[PDB]
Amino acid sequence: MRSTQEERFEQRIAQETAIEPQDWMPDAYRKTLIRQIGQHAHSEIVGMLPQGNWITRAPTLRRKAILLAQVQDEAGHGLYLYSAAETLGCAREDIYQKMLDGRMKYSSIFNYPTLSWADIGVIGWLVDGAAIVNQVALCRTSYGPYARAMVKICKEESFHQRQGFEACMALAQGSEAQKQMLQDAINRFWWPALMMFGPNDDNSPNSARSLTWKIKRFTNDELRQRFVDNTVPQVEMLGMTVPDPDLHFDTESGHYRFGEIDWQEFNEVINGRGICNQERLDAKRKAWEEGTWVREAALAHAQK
């Protein structure tokens, strides 16, 4: 038998009553909200480095400004999510350390390098494209503070996705060289973008409890399919291709059918052995450590 505490909680989730910071929750639920939100916040932070890599090289002042704005927003988004996680009783500083130590994750997509300007536009278009689908889906997540952060965030982020797309359209309507550039970025970011939605429905250990607890409203595979369905026509608009020989439309279901994800690559990535994992964490480690003296100065002045 579930306890009375356990039963009331189940009834609150089922009835869609928002969970608030002062309400009782199961330690595994607390820990799983801390788990997921904390890694969501980290992803906003790490995502600054690949995007930030192209600030000084951005081809026009306008795109450079957009990119700066976008990187600015990510920092702000990290802040909302850290604030939200803290409501669950964790500390911003502690989960950050775990991140730095590799004991917490961040989004797989940021371990991929930006090798061209097109990569910047592709991230804004596809990677944010994938974030939005997932995040809009979380606007009805069972934990109130998280749902409210997602609402706040999706309003602003969809604008920037659009701008990222417009940069892509420019390449698509541009020189031959620009077009080739775009296609390559797509070729390099398509499957990684699909991997942002997580493992298969039968390889996802956190999913069982989360769906039941209505944290995750749609399965990883469900979200991935919606994105593919939505994004293929955007690829078509650009006159571009998807690097997937098995991609084809299925009239019977009304959906796009696509090839198997390289799950072996994905597992490499999450255990720290992708392309930029080491560089990303080193950069973050270096920022923290070399910054120590600034924070200590800051603390001593605060005290005065």
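One rule holds for the numbers: they count along the sequence shown, beginning at 1.
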Return whichever of 249-257 and 61-69 has the greater mean Cα B factor according to the PDB record.
249-257
Taking only the CA atoms, which stretch has the higher mean B-factor in the record, 234-242 or 264-272?
264-272
Report the option among 75, 223, 185, 90 whose CA atom has the maximum B-factor in the deposited record.
90
Deposited CA B-factor, highest of 160, 155, 179, 216
216
Third of the chain, ranked by Cα B-factor, where residue 34 sits:
highest
Record-listed C-alpha B factor of residue 119: chain third:
lowest
Would you mind ranking residue 150 by its C-alpha B-factor against the rest of the chain and naming the third, lowest, middle or highest?
middle
Quick check on the deposited entry: does the C-alpha B-factor of residue 196 sit in the lowest, middle or highest third of its chain?
lowest
Of the three thirds of the chain ranked by Cα temperature factor, residue 104 occupies the highest
